[PDB]
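Observations on the model geometry
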Amino acid sequence: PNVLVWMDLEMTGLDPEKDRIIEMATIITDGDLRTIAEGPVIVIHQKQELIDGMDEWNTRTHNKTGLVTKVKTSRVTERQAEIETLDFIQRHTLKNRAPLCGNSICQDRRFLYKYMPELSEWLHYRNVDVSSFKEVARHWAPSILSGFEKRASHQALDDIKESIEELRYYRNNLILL
Amino acid sequence: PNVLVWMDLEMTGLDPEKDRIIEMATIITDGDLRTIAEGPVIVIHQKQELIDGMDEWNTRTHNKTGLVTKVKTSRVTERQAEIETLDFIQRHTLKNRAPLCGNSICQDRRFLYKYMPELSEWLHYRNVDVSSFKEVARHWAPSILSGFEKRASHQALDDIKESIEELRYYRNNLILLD
Ligand SMILES: [Mn+2]
Ligand SMILES: [Mn+2]
């Protein structure tokens, strides 16, 4: 009906013409942010040559989380990760009725549109940028922001939860029924 | 200090590797949406070959607004449009302190990052997606939306105003202040 899908994507870099997706995860909530179901956490395999070309930053952080070794031993291709993720989404959503949500909205949707076209056409074109509410709250209600602390997050699903919790706080403190 | 830049971009299509910018305009407001200044409306010239390759949709709407004939007679290059727009922004903003605002946030920032790198590095990385508030209001306060009607808009600056007015309404009806 009008559920929301939340996704976390890790990539080898920022340029979609050169870089690729290496980890994705999905969580589906409803309109009032109560989670309907948690989706799969897929590590996509990329060629060992592509990983050696990443810059300092992406090599430091992806080796610090253990994603690089997961990619090395993964057998999952991009088309395969798309089907398993889309099979999860299709069970809880209708086509072209669910927007993307998170803090990397434009960054995620670039790689989604290029590397997973069937998933991107099942999603609705709209987005819910949680980051757009934090920048608005800086000017209109700065007193609210002291009462929220983003917590440590190590897994992909915990990254998604911390974004949903951030929007809960804007819902219960910044907005009006 | 705390100002916001608003931009309206028209392109020959959606793929930045093939398509280009043909019209841009800028308006700068402050934190509470009172407009500080209105910027230039530049029509960027592209080769006549590129315009003939646009699909039905982009050819129908850009010929319906008269942009195609403006591009044909324009002498302004992309680097030139960037300097005049950046000269306007640099007068009212500080570097890396002003985010983008509008309803085509991701779509505009793709072409901005590729075709105008000096402008994109002067802007702050953050955005204010007005469209993200309309989708949120659909679930949390649908009673608000009946009281707003997007009005007809024909120029580029009037397109920007209608986005600013949309955010005014969310400010004065959806949010909680002080
Ligand atoms: Mn993550
Ligand atoms: Mn326009």
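Residues numbered from 1 in each chain as written, not as in the entry; some residues may be left out. Chains lettered and ligands numbered in written order. Heavy atoms only, no water.

Method-wise, the PDB entry is recorded as coming from X-ray crystallography, at a reported resolution of 3.150 Å.

Every protein donor of the manganese ion (ligand 1) is accounted for by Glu-10 of chain A (OE) and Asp-159 of chain A (OD), and the metal-donor separations fall at 2.4 to 2.7 Å. Of this pair, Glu-10 of chain A sits in strand 1 (residues 4-11) while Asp-159 of chain A sits in helix 8 (residues 156-174), and the two are 149 residues apart along the sequence. (Donors = N, O, S within 2.8 Å, 3.2 Å for Na, K, Ca; no water. Helix = DSSP H or I, 4+ residues; strand = E, 2+ residues; numbered from the N terminus.)

What follows covers the state of the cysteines. Following the criterion strictly, the structure yields 1 disulfide over all chains and no others. A sulfur-sulfur separation of 2.0 Å characterises the disulfide bridge that pairs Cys-106 of chain A with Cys-106 of chain B. Its S-S torsion of approximately -85° makes the covalent link between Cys-106 of chain A and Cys-106 of chain B left-handed. Remark: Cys-106 of chain B occurs in helix 5 (residues 105-115) and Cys-106 of chain A occurs in helix 5 (residues 105-115); the pair is interchain, linking two chains. For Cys-106 of chain A, a relative accessible area of 23% puts it in the partly exposed group. Given the relative accessible area of 23%, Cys-106 of chain B is considered partly exposed. Unpaired in this structure, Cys-101 of chain A has its nearest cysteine sulfur neighbour in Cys-106 of chain B, at a distance of 13 Å. (Disulfide = S-S within 2.5 Å. Buried < 20%, exposed > 50% of the residue type's maximum accessible area, 1.4 Å probe, protein only.)

Turning to the pairing of strand 2 (residues 21-29) of chain B, a few remarks are in order. The side chains of a regular strand alternate between the sheet's two faces. All names here are of chain B. Counting buried positions along strand 2 gives 9 out of 9 residues, so the element sits mostly inside the fold. Pairing of strand 2 with strand 3 (residues 35-43), which is carried by 6 bridges, proceeds in the antiparallel orientation. Residue pairing for strand 3: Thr-29 is matched across the bridge by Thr-35. Where strand 2 folds back onto strand 3 in an antiparallel hairpin, the turn is made up of 5 residues, including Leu-33, whose phi is positive at roughly 75°. (Pairing = 2+ DSSP bridges.)

Overall, the coordinates contain 25 salt bridges over all chains when judged by the stated rule. A salt bridge links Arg-171 of chain B to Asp-32 of chain B, with the shortest nitrogen-to-oxygen separation between them at 3.1 Å. Residue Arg-171 of chain B is found in helix 8 (residues 156-174), and its partner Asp-32 of chain B is found in the loop between strand 2 and strand 3; the two are separated by 139 residues along the sequence. Its relative accessible area of 17% is what places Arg-171 of chain B among the buried residues. Given a relative accessible area of 28%, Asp-32 of chain B falls into the partly exposed group. Ionic contacts of the salt-bridge type, sharing partners, join the residues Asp-30, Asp-32, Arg-34 and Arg-171 of chain A into one network. (Salt bridge = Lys/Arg side-chain N within 4 Å of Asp/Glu carboxyl O.)

Let us now look at the interface of chain A and chain B. In this complex, chain A contributes 31 residues to the contact, which on the side of chain B involves 32 residues. Around 2800 Å² of area is buried between chain A and chain B when both sides are counted, 62% of it from carbon and sulfur atoms. Applying the counting criterion to the chain A and chain B interface returns 2 salt bridges. The partner of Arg-126 of chain A in a salt bridge is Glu-135 of chain B, with the nearest N and O atoms 3.5 Å apart. The interface formed by chain A and chain B contains 11 residue pairs in polar contact. Of all the secondary structure elements, the ones that give two or more residues to the side of chain A that touches chain B are helix 5, strand 5 (127-129), helix 7 (130-140) and helix 8 of chain A. Considering each element in turn, the side of chain A that touches chain B owes the most residues, 8 residues, to helix 7 of chain A. (Contact = heavy atoms within 4.5 Å. Buried area = accessible area lost by both parts, 1.4 Å probe. Polar contact = N/O pair within 3.5 Å; in protein donor to acceptor, adjacent residues only side chain to side chain.)

The strands that make up a sheet pair up through hydrogen bonds in the backbone, lying either parallel or antiparallel. All names here are of chain A. Here we have 5 strands laid out as an open sheet, ordered 3-2-1-4-5, and mixed in their pairing. Unpaired on one side and paired on the other, strand 3 (35-43) and strand 5 mark the two borders of the sheet. With direction set aside, neighbouring strand axes in the sheet form an average angle of 25°. Pairing analysis gives 8 bridges linking strand 1 to strand 2 (residues 21-29), with the strands arranged antiparallel. The residue of strand 2 that forms the bridge with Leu-4 is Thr-29. Running at roughly 175° to strand 3, helix 4 (residues 78-92) makes contact with strand 1, strand 2 and strand 3 of the sheet. (Axes fitted to C-alpha atoms, helices over the stretch in contact; angles between N-to-C directions.)

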